[PDB]
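Numbering (the UniProt record's numbering), first residue to last: 18 to 112. Ideal placement from N, C-alpha and C gives every residue a C-beta, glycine not left out.
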Amino acid sequence: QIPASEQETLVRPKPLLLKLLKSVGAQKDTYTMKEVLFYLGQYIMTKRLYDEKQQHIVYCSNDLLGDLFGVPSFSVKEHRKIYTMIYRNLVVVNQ
Ligand SMILES: CN1C(=O)C(Cc2ccc(Cl)cc2)=C(c2c[nH]c3cc(Cl)ccc23)[C@@]1(O)Cc1ccc(Cl)cc1
Numbered sequence: 018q019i020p021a022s023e024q025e026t027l028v029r030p031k032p033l034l035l036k037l038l039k040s041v042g043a044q045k046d047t048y049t050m051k052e053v054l055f056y057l058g059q060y061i062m063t064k065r066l067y068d069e070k071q072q073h074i075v076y077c078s079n080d081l082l083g084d085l086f087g088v089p090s091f092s093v094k095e096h097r098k099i100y101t102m103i104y105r106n107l108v109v110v111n112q
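Set out below in structure tokens:
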């Protein structure tokens, strides 16, 4: 899974990921990973990216999320893969 310490990592989304988060009502510039995942959840649900037949799949090929993450789809069960994709779109804030 993902260690608790790592969920609490402080991060500053780069401009395009920040715009995506703000488009679903995020207000800040600095987040924990846990908060980033919250707003991605909202984004995904709002843009209706979940596959109808296989609900664990986010089909993001035709969406900005697919451009940022660099994949046509991902499974919500693949946490480490997701954290890897997110990290490419942010800067980690020391301590
Ligand atoms: C379908 N969902 C989940 O499986 C988890 C848990 C999850 C997902 C990805 C990773 Cl890397 C880790 C954990 C969710 C949520 C994640 N955080 C939340 C907070 C609230 Cl308050 C509600 C749902 C969720 C969510 O509800 C929504 C979701 C959030 C982020 C991503 Cl990338 C995909 C889906």
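If I follow the unbroken beta strand (DSSP E) through residue i, where does it start and stop?
i: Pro30; result: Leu27 to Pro30
i: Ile74; result: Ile74 to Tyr76
Looking at ligand 1, does it come within less than 7 Å of residue i, judged from the CB to the closest heavy atom?
i: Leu57; result: yes
i: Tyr104; result: no
Using 8 Å as the threshold, is the C-beta distance between residue i and residue j below it?
i: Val53; j: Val93; result: no
i: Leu38; j: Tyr56; result: yes
i: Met50; j: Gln71; result: no
Does residue i come out as helix, strand or coil in the three-state DSSP assignment?
i: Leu107; result: strand
In terms of residues, what are the limits of the alpha helix (DSSP H) holding residue i?
i: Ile61; result: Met50 to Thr63
i: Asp84; result: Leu81 to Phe86
i: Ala21; result: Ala21 to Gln24
Who pairs with residue i in a beta bridge, going by DSSP?
i: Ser92; result: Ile74
i: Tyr67; result: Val75
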